[PDB]
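Participant: A structural model of the following input is requested.
(chains A, B, C, D, E, F, G, H, I and J, ligands or ions: 8)
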Amino acid sequence: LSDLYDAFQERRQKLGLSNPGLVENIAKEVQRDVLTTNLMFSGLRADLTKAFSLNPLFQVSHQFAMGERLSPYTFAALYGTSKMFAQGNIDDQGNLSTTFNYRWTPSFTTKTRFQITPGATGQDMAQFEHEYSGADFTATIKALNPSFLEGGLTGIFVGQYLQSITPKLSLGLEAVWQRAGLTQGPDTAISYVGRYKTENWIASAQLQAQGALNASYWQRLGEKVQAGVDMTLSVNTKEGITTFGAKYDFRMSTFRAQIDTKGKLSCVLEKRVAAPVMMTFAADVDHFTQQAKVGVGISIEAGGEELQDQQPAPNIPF
Amino acid sequence: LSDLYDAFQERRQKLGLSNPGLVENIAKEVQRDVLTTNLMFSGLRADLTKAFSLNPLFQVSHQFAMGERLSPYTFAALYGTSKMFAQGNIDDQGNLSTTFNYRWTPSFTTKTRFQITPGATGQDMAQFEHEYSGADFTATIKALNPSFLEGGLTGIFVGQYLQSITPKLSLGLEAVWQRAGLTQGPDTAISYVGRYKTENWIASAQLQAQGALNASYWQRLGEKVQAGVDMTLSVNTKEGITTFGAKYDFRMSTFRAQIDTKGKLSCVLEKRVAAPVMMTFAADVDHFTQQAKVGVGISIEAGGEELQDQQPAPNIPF
Amino acid sequence: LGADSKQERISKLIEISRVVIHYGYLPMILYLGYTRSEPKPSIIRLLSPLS
Amino acid sequence: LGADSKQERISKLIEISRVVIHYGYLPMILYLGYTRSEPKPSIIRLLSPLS
Amino acid sequence: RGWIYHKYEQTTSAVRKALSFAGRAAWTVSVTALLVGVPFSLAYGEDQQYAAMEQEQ
Amino acid sequence: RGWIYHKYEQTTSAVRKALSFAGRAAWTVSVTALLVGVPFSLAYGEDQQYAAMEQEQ
Amino acid sequence: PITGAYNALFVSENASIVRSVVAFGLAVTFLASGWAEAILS
Amino acid sequence: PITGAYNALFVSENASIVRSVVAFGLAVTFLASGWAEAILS
Amino acid sequence: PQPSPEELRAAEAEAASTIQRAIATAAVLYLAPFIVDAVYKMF
Amino acid sequence: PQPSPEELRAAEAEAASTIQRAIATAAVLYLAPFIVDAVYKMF
Ligand SMILES: C[C@@H]1CC[C@@]2(OC1)O[C@H]1C[C@H]3[C@@H]4CC=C5C[C@@H](OCCC(CO)CO)CC[C@]5(C)[C@H]4CC[C@]3(C)[C@H]1[C@@H]2C
Ligand SMILES: C[C@@H]1CC[C@@]2(OC1)O[C@H]1C[C@H]3[C@@H]4CC=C5C[C@@H](OCCC(CO)CO)CC[C@]5(C)[C@H]4CC[C@]3(C)[C@H]1[C@@H]2C
Ligand SMILES: C[C@@H]1CC[C@@]2(OC1)O[C@H]1C[C@H]3[C@@H]4CC=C5C[C@@H](OCCC(CO)CO)CC[C@]5(C)[C@H]4CC[C@]3(C)[C@H]1[C@@H]2C
Ligand SMILES: C[C@@H]1CC[C@@]2(OC1)O[C@H]1C[C@H]3[C@@H]4CC=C5C[C@@H](OCCC(CO)CO)CC[C@]5(C)[C@H]4CC[C@]3(C)[C@H]1[C@@H]2C
Ligand SMILES: C[C@@H]1CC[C@@]2(OC1)O[C@H]1C[C@H]3[C@@H]4CC=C5C[C@@H](OCCC(CO)CO)CC[C@]5(C)[C@H]4CC[C@]3(C)[C@H]1[C@@H]2C
Ligand SMILES: C[C@@H]1CC[C@@]2(OC1)O[C@H]1C[C@H]3[C@@H]4CC=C5C[C@@H](OCCC(CO)CO)CC[C@]5(C)[C@H]4CC[C@]3(C)[C@H]1[C@@H]2C
Ligand SMILES: C[C@@H]1CC[C@@]2(OC1)O[C@H]1C[C@H]3[C@@H]4CC=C5C[C@@H](OCCC(CO)CO)CC[C@]5(C)[C@H]4CC[C@]3(C)[C@H]1[C@@H]2C
Ligand SMILES: C[C@@H]1CC[C@@]2(OC1)O[C@H]1C[C@H]3[C@@H]4CC=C5C[C@@H](OCCC(CO)CO)CC[C@]5(C)[C@H]4CC[C@]3(C)[C@H]1[C@@H]2C
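Facilitator: Numbers count the residues shown, from 1 in each chain, chains lettered A, B, ... in the order given. Ligands and ions are numbered 1, 2, ... in the order given. Provided below are the atomic coordinates:
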C-alpha cells in the first residue's frame, strides 16, 4: 500500500543521497580527464565542424585522417534535443556507426546503437540500452545482438547497478550473460565496483570476479592542476600496470603528461591557436624500444559565430 | 714567360667574370633553399647546442631522436677558424663521422672526411678532397678509399670543374673513375652541368652522359617569397619526376610547401617559438596511398647569449 | 522448436531494416536538422564544411 | 708486383690510425675548443647541454 | 527485359567508378588545402600581428 | 699473468654493462624532460603573458 | 586526335617522362610569366 | 635480506604485480601527502 | 567437442544461479544505506 | 665470369680515354670566355 511507500521514501530522502552516475563513469576523472589514453593518436588528423543551431542542436562534421588505424575520411551529423539525440558517422569504406538516445521520462532513457560494415560481414551489431536514473541509484540493461531465432536467447546481456550508500560512497555491480548460440552453454560474469568521492580527491575500484582489478585515484592539485593514478592488475599469467599522470589547464591550452610502469611516456598538448581553431600535439614514447608515435591534429568550428546568440538545448541525452 | 702571363691575365680580368662556386651547389637555391627534401624527417627530434665561442668557433651539440632511420643519440662537436674547421659526430652505436677542412691558401682548401662504423665492417670510408677556387673557376678532385696496396690504383676518383663563361653563364664538368679492385676493369662516368644566374631567377641543368637529366629553375617572387621547380629524368626503364615548391620567409617563421608528379605533398614549418628555441613541423603526404609521415622537432641554443659580444670568425671553411 | 519459414522471413526483415538504416540514417538526421534548426540553412550550405 | 710483408704492415698502420681516429677525434676537438675558446669554460660545463 | 538489366549493371560500374574518382579527388584537394593552408595561415597571421605592433610605435 | 688477463675481461663485461645502463638511463631522463618540459614551458610561458596583459589593464 | 594525347601521356612506357616534362614546362611558365607573383606574393 | 627484495620484484612470475602495486602506493602517497601540490602546482 | 544434452543443463543452471545472486546483491545494496546510517546513529 | 688479361686492357684503355677527353673539355671551357666575348664584340 501507498501508506508504506510514502513513509519509506521520506526516510530515504533524509539520508542525503544523490544520483551516483553511470558505472562506466566511476573512474572518469582519472581515465578520461587526466590520462591521455582517449586523446592519443598518430599521424595527421583534421576535423571540420559546422554548427547550424544550438536549440535544436544540429551540426555536421568532416574528418580527414592519415595515421595508424585512422580511416581516411568520416562524415558525421548529429541532431540534439532535450528529449532526444541522434548521431551518425560513416567511413570512406561505408562503415556506419549510429546512435539514437531518447528520454522516455526524465529518469528513463533508451540508447540504441548500430554498427554496419558493408565490405566485411564482420560484426553488424545492434545494442539496445535502457538506463534508469533514480533518486540515489542508476540501473542499466544492455542487449547486444539479441536473438530468439534459434528457439532460445542468444547474445550478450549486461546488467549494471550503482547505488549511493552515503553522500561520498557509492557501491555497484555489473553482471553479464553470454551465449554465442544454442550449441554452447551460457557464460556469466560479475564485476564489483565502488567509489569514494570528495571535493578534492576521488577513489575508485573495479573488481572482476575472474581476477582482474582496476584501482584509480584522482586528486585536485589546486585550481589549475589535477592528477590521477590508475592501476590495473590481471591475475587470470599475472600482469600489472600503474599509470601516473597530471593535467594542466591554462588560459589557452591544456597539457597532459603520463608515465606508466611499462616504461611508456605520453603527452597531449591541446592549444587554442585561433578563436575557432584548436591544435593538438600527441606524442607517445616507449622507453624500452626508443620508438615514438607522433600525432598532429587540428579542429575548426565554423558554425558557432552566428549561433552564439541562440543557446544550447538543455539535457540533450548524449 | 711572364710577359704572356701578365698580358693574358689582364685580358681575362676585363671580361667581368666571377667565381662560379661549387658544382654541387649549381642548383642549391631550388633543391636546398626552396624544396623540403633536406629538412624532411619523421618522429621526434631534439637538438641542444651550446656555443662556447664565436672566434674561434667552438660548439657542442646533443641530438635526441626517435624516428625512421634516426639514431637515438648523436654527440657532436665542432671547432672553427678562418683557416680550419674540424667537426665530429658520433652515434649511440659508435658510428663516427669526421670532417677536417684546412685552407692551405686563401684559394686552395683540403677537405678530409672519415666514416667509421664499429658494429658492422660496412663502409669505413676515407674521402680526401682538394678544392681550388680561381678568379673565374673552381676545380676539385676527390679520392674516396684510395689504395695502391694491390699493386694498382683502386677506389673512386672524382674530378670537378666549373667555369664562368659570362657574368651570368657558368658551364662545368664532372668526371669519375672507379675500380673496386684489380680483378675488374675501371669504370668511368662524365656529367655535364651549366647554370644561368640572374638576380631574380636561376636556371640549372645537370646532364649525366649515361642518360639522367636534372633541370631546375628558381625564381624570387618578391622580398618574402621564392619558388623553384626541379625535374629529374632517368632514361637508363624511363622515369621522370617534377617537384614544384615555394618558400615563405616571415618575421618569426619560414614555411615551405611542395608537390611533385608522383603525388607526394610535403611541407615544413620552422617557427621561432622562443629566442633560443626553434620548433619544426614536417609532414609528408603520399596521395596515392593516403599515408602521412609526421616529424616534430625542437632546437635550443644555450651558448649565444653570453657570446653575442664576440664576433663569428670570418671565412671558416665549413 | 522454431519454424523454418518464420526464421527465413524474420531474417529477411532484419536485412531490409539493415539496408534502410545503412542508407537512410544520415539523410534522416540531415532532414531533422535542416527542417528544425534555427535559422534554416541552405541545401548546399547544409553540407558545406566551413563556409 | 707488390710485397706480402709490405701490404700486411701497411694495412696494420691503417687499423692503428683508424682506432686512433675513432677514439681520439672528438676528444681532440674538445681540447682545441677548451684551450682556445674565448672565454674558457669549465671542464664539466664544456659538455653541459644547456646550463 | 534483360537488355535493361545489363544496362543497369553497365551504369553501376561506370557510376561507381565516377563517384570513387570524385570522392578521391575531393579528398586530395581538401587534404592539400588543409596541410598547406593551415600552417601558412597561422604563420602569415602571426606575421601580420608583429607588423601591426611595429606600425603602432 | 693470465690471472690479470681474465680480470681484465671480467672488468670489461661489467664496466661495459655499467656504461650501457648509465647511457641508457641518461637518455630516458633527457628525453622525458624534453618531451614534458618543452610543451609545458611553452604552454606555461604563454599563460603568463596573458596574465601580464590582464594585470596591465 | 585526343586518343593520341591520352596514350602517350598515361599508358605508355615513356608516359612518365612526358608528364614530368609537361609539369616542368607549366610550372616554369607559371613562374616566369609573373602570374605566380601576382597570386602567391 | 636485500636479495629477497630483488627476486620478488624483478625476476619472478608475480614481480610485475608487485611493481605496479608499489608504483600505485607511491604515487597515491605522493599526491595525498601534499608533496605533489607543493611541487607540481 | 560439443556439450552433451545434460552438460548444457549444468551450464544453463550455473549461469542462471550467478544472475539470480547478482540481482539479489543489487537488492541488498538498495537497502544498504538504511543499514549504514543506523550504525552511524549508534555511534 | 672474370675478365681475361686483354679484356682488362680494353677496360683500362677505354677508361683512360674518357678521362683524357674530360680534362681536354675542361681546357676548352677555361678558354671559352675569350671566345664567347669575341662573338659579342663582333655583334
Ligand atoms: C568494492 C570495493 C570496496 C572499496 C571501495 O570500492 C571498491 O569502496 C570505497 C571505500 C572507501 C573508503 C571508505 C572510507 C574512507 C574514510 C575516509 O576518511 C576521510 C576523512 C573522514 C574520516 O575518516 C572524515 O571524517 C578516507 C578514505 C576511505 C578509507 C575510503 C577510501 C576509498 C575506498 C576504499 C573506496 C574503494 C574504491
Ligand atoms: C582494493 C583496492 C586497492 C586500492 C585502493 O582501494 C581499492 O586502496 C584504497 C586506499 C585508499 C587511501 C586510504 C587513505 C587515504 C587518506 C586520505 O587522506 C585524508 C586524511 C584522513 C585519513 O588519513 C584524515 O585527515 C586521502 C585518501 C587516501 C590516500 C586513500 C586514497 C584511495 C586509496 C588509495 C584506495 C585505492 C583506490
Ligand atoms: C650544359 C647545359 C646547357 C644549357 C644550360 O646549362 C646546361 O646552360 C645555360 C644556357 C642558358 C640560356 C642562355 C641565355 C639565355 C638568354 C636569357 O635572356 C635574358 C634576357 C637577355 C636577352 O636574351 C638580356 O638581354 C634568357 C635565358 C637563356 C635562354 C638561358 C636559359 C638557361 C640556360 C638554358 C642554361 C642551361 C641550364
Ligand atoms: C636542357 C634542359 C631543359 C630545361 C631547361 O634547360 C635545361 O630549358 C631551359 C629553358 C629556360 C627558359 C627559357 C626562357 C626563359 C624566359 C626568361 O624571361 C625573361 C624574358 C626574356 C626572354 O623571354 C625577354 O624579356 C625567364 C627564364 C626562362 C623561363 C628560362 C628559364 C629556364 C629554362 C626553363 C631552362 C631549363 C633549365
Ligand atoms: C575550404 C577548405 C576548408 C577551409 C580552408 O580551406 C580548405 O580554408 C582556409 C581558411 C583558413 C583560415 C584563414 C584565416 C585564419 C585566421 C588565423 O588567425 C586568426 C586569429 C584569431 C585570434 O582569435 C582571430 O583574430 C587563424 C587560422 C584561420 C582561421 C585559418 C584556418 C585554416 C583555414 C580555415 C583554411 C582551410 C584549409
Ligand atoms: C636539462 C635538460 C635540457 C634543458 C631542459 O631540461 C632538460 O631545461 C628546461 C628549461 C626549459 C626552458 C625554460 C623556459 C623557457 C622560456 C619560454 O619562453 C621564453 C620566451 C622568450 C621570448 O623571446 C623569452 O621571453 C620558452 C621555452 C624555454 C626556453 C624552455 C625551453 C625548454 C627548456 C630548456 C627545458 C629542457 C627540457
Ligand atoms: C624544352 C622544354 C619544354 C618546356 C620549356 O622548356 C623545357 O620550354 C620553354 C618555353 C618557355 C617560355 C618561352 C617564352 C616566354 C616568354 C617570357 O617573357 C614574357 C614576358 C613575361 C613578363 O616577364 C610575360 O609577359 C616569359 C616566360 C616564357 C612564357 C617561357 C616560360 C618557360 C618556358 C615554358 C620553357 C619550358 C620550361
Ligand atoms: C593496499 C595497497 C597498499 C598501498 C596503499 O593502498 C593500496 O596503502 C595505502 C596507505 C596510504 C597512506 C595511509 C595514510 C596516509 C596519511 C594521510 O593523511 C596524512 C596527512 C597529510 C596532509 O593531508 C600529510 O600530513 C595522507 C595519505 C597517507 C600517506 C596514505 C597515502 C596512500 C596510501 C599509501 C595507500 C596506498 C595506495
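
Participant: show me where chain A has helices.
Facilitator: In chain A, the helices defined using DSSP state H lie at A:2-13, A:28, A:304-307.

Participant: same question but for chain I, I mixed them up
Facilitator: With DSSP H as the definition, chain I shows helices at residue ranges I:5-42.

Participant: can I get the helices of chain A in a markdown table including mean neighbour count and distance to residue B:38?
Facilitator: To be clear about C-beta, it is placed using only N, CA and C from the backbone, and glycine gets the same treatment. What follows is the helices of chain A, written out as a markdown table (neighbours: other CB atoms under 10 Å in any protein chain shown; distance: least, CB to CB, whole Å):
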| stretch | mean neighbour count | distance to residue B:38 |
| --- | --- | --- |
| helix A:2-13 | 10 | 72 |
| helix A:28 | 16 | 47 |
| helix A:304-307 | 15 | 41 |
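
Participant: can you redo those helices as JSON lines with distance to ligand 4?
Facilitator: Supplementary listing: the helices of chain A in JSON lines, determined by distance: least, CB to the nearest ligand atom, whole Å:
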{"stretch": "helix A:2-13", "distance to ligand 4": "86"}
{"stretch": "helix A:28", "distance to ligand 4": "62"}
{"stretch": "helix A:304-307", "distance to ligand 4": "45"}
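
Participant: now the ones you listed in a markdown table, with distance to residue D:8?
Facilitator: As requested, the helices of chain A are arranged in a markdown table below (distance: least, CB to CB, whole Å):
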| stretch | distance to residue D:8 |
| --- | --- |
| helix A:2-13 | 99 |
| helix A:28 | 74 |
| helix A:304-307 | 81 |
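
Participant: A helix includes residue G:37, no?
Facilitator: Yes. In this structure, residue G:37 lies within a helix as judged by DSSP: H, G, I helix; E, B strand; the rest coil.

Participant: count of neighbours near residue 21?
Facilitator: Just so you know, I chose chain A. Close neighbours of residue A:21, defined as other CB atoms under 10 Å in any protein chain shown, add up to 16.

Participant: hmm, I had chain E in mind actually
Facilitator: Counted with other CB under 10 Å, the burial measure for residue E:21 works out to 10 neighbours.

Participant: list the contacts for it?
Facilitator: Taking CB atoms under 8 Å, 6 or more residues apart in numbering or on different chains as the contact definition, residue E:21 lies against nothing.

Participant: residue E:46: which element?
Facilitator: Residue E:46 belongs to helix E:2-55 when elements are defined using DSSP states H and E.

Participant: that helix vs ligand 5: in contact?
Facilitator: Yes. Shown here: helix E:2-55 in contact with ligand 5 (CB under 6 Å from any ligand atom) through E:33-34, E:37-38, E:41-42, E:45.

Participant: who's the closest residue to residue A:214 other than its chain neighbours bridged to?
Facilitator: Counting by CB to CB, 6 or more residues apart in numbering or on different chains, residue A:214 lies nearest to residue A:206, which is 4.1 Å off, once chain neighbours are set aside. The partner list for residue A:206 in beta bridges (DSSP bridges) reads residue A:193, residue A:214.

Participant: residue A:206: how many residues sit nearby?
Facilitator: The local packing count at residue A:206 equals 20, with neighbours defined by other CB under 10 Å.

Participant: quick one: the closest residue to ligand 7 within chain I from ligand 5, how far?
Facilitator: At 74.7 Å from ligand 7, residue I:2 is the closest residue in chain I, using CB to the nearest ligand atom. Distance of residue I:2 to ligand 5, given as CB to the nearest ligand atom, to the nearest Å: 58 Å.

Participant: and for that residue, nearest residue in space, chain neighbours not counted?
Facilitator: Setting aside the residues directly before and after it, residue I:2 is nearest to residue A:183 in space (CB to CB, 6+ apart), at 6.2 Å.

Participant: can you give me the helices for chain G?
Facilitator: Ranges of helices in chain G, per DSSP H, are G:2-10, G:15-32, G:35-40.

Participant: and the longest one, is it in reach of ligand 3?
Facilitator: No. Under the criterion of CB under 6 Å from any ligand atom, helix G:15-32 makes no contact with ligand 3; the nearest approach is 9.5 Å.

Participant: just the endpoints, please. Distance across stretch C:32-45?
Facilitator: Stretch C:32-45 has an end-to-end distance of 15 Å (criterion: CA to CA, to the nearest Å).

Participant: quick one: buried residues of it?
Facilitator: By neighbour count, with 16 or more other CB atoms under 10 Å in any protein chain shown as the criterion, the buried positions of stretch C:32-45 are C:32-34, C:37, C:41.

Participant: for stretch A:133-141, same thing?
Facilitator: A:133-134, A:136-140.

Participant: how about the nearest residue to residue C:2, chain neighbours excluded?
Facilitator: For residue C:2, ignoring the flanking residues on the chain, the nearest one in space by CB to CB, 6+ apart is residue A:151 at 4.3 Å.

Participant: how much space between that neighbour and residue F:42?
Facilitator: Counting by CB to CB, to the nearest Å, the gap between residue A:151 and residue F:42 amounts to 64 Å.

Participant: the two: who's more crowded?
Facilitator: Neighbours of residue A:151 and residue F:42, each counted by other CB under 10 Å, are more numerous for residue F:42; the result is 19 against 11.

Participant: excluding chain neighbours, what is closest to the more buried one?
Facilitator: Here the residue nearest residue F:42, using CB to CB, 6+ apart, is residue B:273, at 6.0 Å.

Participant: so the one you found touches residue F:43, yeah?
Facilitator: No. Using CB atoms under 8 Å as the test, residue B:273 is too far from residue F:43 to be in contact (11.0 Å).

Participant: could you count how many residues lie near residue A:155?
Facilitator: Taking other CB under 10 Å as the criterion, the count of residues near residue A:155 is 20.

Participant: what sits against the residue in the stretch 101-250 of chain A that chain D sits nearest to?
Facilitator: Scanning the stretch 101-250 of chain A for proximity to chain D using CB to the nearest CB identifies residue A:248 as nearest, at 22.7 Å. Contacts were defined as CB under 8 Å, 6+ apart; by that measure residue A:248 touches A:224-225, A:254-256, F:40, F:43-44.

Participant: ramachandran angles for the residue of chain C found nearest chain F?
Facilitator: Across chain C, no residue is closer to chain F than residue C:50, which sits at 25.9 Å (CB to the nearest CB). Dihedral angles phi and psi of residue C:50 (degrees, to the nearest 10) take the values phi -140, psi 0.

Participant: distance check, the closest residue in space to it that isn't next to it in sequence against residue J:31.
Facilitator: Take residue C:50 and drop its neighbours on the chain: the residue closest to it by CB to CB, 6+ apart is residue A:302, 4.0 Å away. Distance, residue A:302 to residue J:31, using CB to CB: 67 Å.
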